[PDB]
Amino acid sequence: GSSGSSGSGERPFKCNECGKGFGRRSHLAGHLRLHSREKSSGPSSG
Ligand SMILES: [Zn+2]
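Residue numbers (the deposited numbering): 1 to 46.
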């Protein structure tokens, strides 16, 4: 993440991929489901 609203709010869970945090587990687990679908990046080698 670059910069959001929350600043002094520690969450119980955290994403190791980017750093996204959520209140519940299942809430985060899904946030990782997108880290796979769009994982294979690379349109061209310039
Ligand atoms: Zn993430």
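Virtual Cβ for every residue (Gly too), placed ideally from N, Cα, C.
Spatial distance of residue 4 from residue 39 (CA atoms): Their Cα atoms are separated by approximately 23 Å.
Delimiting residues of the alpha helix (DSSP H) encompassing residue 36: Segment 25-37, the alpha helix (DSSP H) holding residue 36.
C-beta contact flag for residue 23 and residue 1 at 8 Å: Contact flag unset, no.
Under 8 Å between C-beta atoms of residue 7 and residue 13: The answer is no: Cβ separation not under 8 Å.
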